[PDB]
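Protein chains: 2
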Amino acid sequence: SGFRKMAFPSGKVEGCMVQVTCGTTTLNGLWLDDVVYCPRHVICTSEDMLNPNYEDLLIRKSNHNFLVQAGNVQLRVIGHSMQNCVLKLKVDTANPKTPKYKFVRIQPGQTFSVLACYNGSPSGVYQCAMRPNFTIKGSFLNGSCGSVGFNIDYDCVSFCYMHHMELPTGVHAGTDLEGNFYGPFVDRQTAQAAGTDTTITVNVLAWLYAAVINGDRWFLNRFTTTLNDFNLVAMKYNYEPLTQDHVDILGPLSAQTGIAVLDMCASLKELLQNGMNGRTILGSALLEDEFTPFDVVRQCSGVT
Amino acid sequence: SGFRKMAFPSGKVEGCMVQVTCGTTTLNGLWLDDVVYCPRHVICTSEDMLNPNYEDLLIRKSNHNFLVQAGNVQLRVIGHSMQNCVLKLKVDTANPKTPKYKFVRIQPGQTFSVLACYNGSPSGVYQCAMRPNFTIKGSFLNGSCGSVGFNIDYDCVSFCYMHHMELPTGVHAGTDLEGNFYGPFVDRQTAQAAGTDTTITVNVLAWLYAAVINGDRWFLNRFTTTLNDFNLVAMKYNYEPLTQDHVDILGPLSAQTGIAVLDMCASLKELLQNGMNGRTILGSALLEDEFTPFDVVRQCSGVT
Ligand SMILES: *CCS(=O)(=O)N(c1ccc(C(C)(C)C)cc1)[C@@H](C(=O)NC1CCCCC1)c1cccnc1
Ligand SMILES: *CCS(=O)(=O)N(c1ccc(C(C)(C)C)cc1)[C@@H](C(=O)NC1CCCCC1)c1cccnc1
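The listed protein sequences correspond, in order, to chains D and A. According to UniProt numbering, the first sequence holds residues 3264 to 3567 in order. According to UniProt numbering, the second sequence holds residues 3264 to 3567 in order.
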């Protein structure tokens, strides 16, 4: 019993975080095998941050320009290349602590653990979701860029996020580890605004199923509904359209609670139309949408 | 910028979790040096769980009765002793991964990271607080007992909590690692109820300071107040009395925001008396009290 925002164990990832310094800017890098990954804006000075030419900046630069430290260990740079918005530093030493790892590009609504780091040193771990506008509401201070988001599947670490920047909004944008930004963000000091943030409807339903599983079931109504009828009310409150994919994915939770997906959709409709009236669900006065159906299954099943 | 429920990196602790089996019951144990710590109710059968005599149950038991596994590694038990509600198993092999560790008994309101485990295998990490009634609202399924709560100070792991039981309430009770329960809980299947849970006032103030630091400052009023005047309204809403200790501890946050502790107390009073009116603070429609002043400082400072 109980339901909490739960992050994956960070142990496998802790051993992969290095410090990358290039002149004045210092940030975090990911050391996997004989390659160190970090945001390419490590080569920028506050002069060039307004509209940098990264290809031209990287040309004015050789291996020994870049300083990599793993604690009290200095790594020799054997090569540098730019992959989109990510710098790849080839180093002499393979990381002895390199886990079985994949690079994955996650979809909006999917969740991952962030190991927040400063000077290649892990400070904390928290769970967060890829917002539909391809931002994340994370916790990053200066020097946090190069902090990575990841999932653990079996013994295999899926790296899905590398932190690059804060938008004047105060929310966060980053890349997959192939250096492609999530959303339409560029690595320059320019007027960038995220789109209308919608609510991840399939995640809220997952969270309501978690509430039912943990005895909190006051919001359960005596109605049902249809996808069409529901999606009309979803659009109204800036909720993501609910798909036949999403109903299928909620099947396990539906089966274990004996509450049909459409019945829970009717219960959600009433909450959107009538609010909570000072009531709480799993000790939240708001509807939570940063839990996937898989997050809820894991925590309500007991998956290692 | 940004503010999240952040757990410590779990890496140092991941390497200390073993599986302890004694007959039918299997749970988690903590392997530090040549000692394995686990809840003593591993020696119980559902026969004796109603009113066990643990001294008499432990007497009907020798070293080879207890099965300890570190993955695919079976440890020889050289000794067993009972320390209050904790079993201590002396083993042949010292844990090579044992970190610098302390056992601390934390005070109500203090926070710690929980590494939730099943079969000595870490499943997830989350932050939680010692409630004033000495319970925690955690996330534990069957087989989670022996899961530990900890803080990281410098490179030193402070173990403060070992999970023992769920109360019919659905909240959790456990011990320090010297086997003394937090609160008045006993390790038997009996009608145990936690006391009136109060709100950790000093934590809510810390959280409001975090809100101000992250630009969310609509609730800031044009009044001030006194400890006495405030404590009268605190008692009314089941909030913990605010001490001259607590005001001193909030000093750093007061200094950095330029908001006197008593001004923030006046802002809190209005929220308690008038509610939020459908507004949010750091994206919560409720007042959060599971962040200490030190948690807020760490996350708003950048402490590794
Ligand atoms: C990653 C931390 S940072 O301090 O390096 N940082 C940052 C500065 C400049 C860039 C460029 C891409 C422009 C070279 C990236 C990242 C800041 C940050 O995002 N600053 C922005 C600049 C635009 C206006 C809003 C602030 C940062 C601060 C806190 C957390 N992450 C990043
Ligand atoms: C620790 C998990 S458990 O399944 O072993 N567990 C538990 C059962 C019995 C005990 C005794 C102390 C009575 C021997 C302790 C722990 C349960 C649990 O707490 N069960 C209680 C029994 C009283 C009535 C409410 C349930 C447990 C379940 C989920 C999470 N933690 C513990």
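Beta carbons: idealized from backbone N, C-alpha and C, even for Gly.
Pair within 9 Å by beta-carbon distance, residue i and residue j
i	j	result
A/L3330	A/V3354	no
D/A3456	D/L3490	no
A/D3450	A/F3366	no
D/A3392	A/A3270	no
D/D3558	D/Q3390	yes
A/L3531	A/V3467	yes
D/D3526	D/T3464	no
A/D3297	A/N3358	yes
D/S3264	A/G3274	no
A/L3352	A/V3299	yes
D/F3422	D/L3535	no
D/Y3424	D/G3412	yes
A/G3383	A/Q3452	no
D/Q3562	A/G3437	no
D/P3315	D/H3304	yes
D/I3512	D/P3556	yes
A/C3348	A/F3444	yes
D/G3478	D/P3362	no
residue 3263 of chain D	D/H3426	Outside the shown range of chain D (3264 to 3567) lies residue 3263 of chain D, about which nothing can therefore be said.
A/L3516	A/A3469	yes
A/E3503	A/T3374	no
Host beta strand (DSSP E) of residue i (start-end)
i	result
A/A3392	3384 to 3392
A/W3294	3288 to 3295
D/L3330	3329 to 3332
D/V3298	3298 to 3302
A/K3268	No beta strand (DSSP E) holds A/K3268; DSSP gives it neither H nor E.
D/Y3417	Counting along the chain, D/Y3417 falls outside any beta strand (DSSP E), and DSSP gives it neither H nor E.
D/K3400	Taken as a continuous stretch (DSSP letters only), D/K3400 belongs to no beta strand (DSSP E), as it is neither H nor E.
D/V3336	Taken as a continuous stretch (DSSP letters only), D/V3336 belongs to no beta strand (DSSP E), as it is neither H nor E.
A/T3438	3435 to 3438
A/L3483	Element bounds for A/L3483: n/a, residue is neither H nor E.
D/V3449	Looking at the DSSP string, D/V3449 is not in any beta strand (DSSP E), and its letter there is neither H nor E.
residue 3616 of chain A	Nothing can be reported for residue 3616 of chain A, as the shown portion of chain A is limited to 3264 through 3567.
A/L3350	3349 to 3354
Residue i, enclosing alpha helix (DSSP H) - first and last residue
i	result
A/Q3507	3507 to 3512
D/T3464	3464 to 3476
A/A3548	Per DSSP, A/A3548 belongs to no alpha helix (DSSP H) and is neither H nor E.
D/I3322	3317 to 3322
A/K3363	Segment: none, A/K3363 is in no alpha helix (DSSP H) and carries neither H nor E.
A/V3559	3556 to 3564
D/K3499	3490 to 3499
A/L3378	Where A/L3378 is concerned, there is no enclosing alpha helix (DSSP H), although the beta strand (DSSP E) it sits in stretches over 3374 to 3381.
D/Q3282	Unbroken run through D/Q3282 is the beta strand (DSSP E), 3280 to 3285; no alpha helix (DSSP H).
D/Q3536	3524 to 3537
Residue i: CB within 8 Å of a non-hydrogen atom of ligand 3
i	result
D/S3386	As presented, the structure is devoid of ligand 3, carrying ligand 1 and ligand 2 as its sole ligands.
Residue-level contact to chain E via CB, residue i, 9 Å cutoff
i	result
A/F3266	Chain labels in this structure do not include chain E; the protein chains are D and A.
Quiz item: Is there contact here, the region 3404 to 3417 of chain A with the region 3289 to 3308 of chain A, by at least three beta-carbon pairs under 8 Å?
Solution: Contact annotation: the region 3404 to 3417 of chain A touches the region 3289 to 3308 of chain A, with at least three C-beta pairs closer than 8 Å.
Quiz item: Which residues, in chain order, does the region 3493 to 3516 of chain D contribute to contact with chain A at a C-beta distance below 7 Å?
Solution: none
Practice problem: Give, in chain order, every residue of the region 3534 to 3548 of chain D whose Cβ lies closer than 9 Å to some Cβ of chain A. | Solution: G3538, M3539, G3541, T3543, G3546, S3547, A3548
Exercise. Closer than 9 Å, Cβ to Cβ, to anything on chain A: give me those residues from the region 3399 to 3416 of chain D, in chain order.
Key: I3399, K3400, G3401, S3402, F3403, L3404, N3405, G3406, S3407
Self-check item: the region 3360 to 3382 of chain D: positions lying closer than 9 Å to chain A by Cβ
Solution: Within the region 3360 to 3382 of chain D, the residues whose Cβ lies closer than 9 Å to some Cβ of chain A are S3376, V3377, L3378, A3379, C3380, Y3381, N3382, listed in chain order.
Quiz item: For the 8 Å Cβ check, are there 3 or more pairs between the region 3539 to 3550 of chain A and the region 3531 to 3548 of chain D?
Solution: yes
Self-check item: Residues, ordered as in the chain, of the region 3283 to 3305 of chain A that lie near chain D by beta-carbon distance below 9 Å
Solution: For the region 3283 to 3305 of chain A, which is checked against every Cβ of chain D, not one residue is closer than 9 Å.
Exercise. Identify each residue in the region 3421 to 3454 of chain D for which the Cβ-Cβ distance to at least one residue of chain A is less than 8 Å, and report them in chain order.
Key: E3429, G3433, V3434, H3435
Practice problem: Name, going along the chain, the residues of the region 3471 to 3482 of chain A whose beta-carbon falls closer than 8 Å to a beta-carbon of chain D. | Solution: Within the region 3471 to 3482 of chain A, those residues whose Cβ lies closer than 8 Å to any Cβ of chain D are, in chain order, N3477, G3478.
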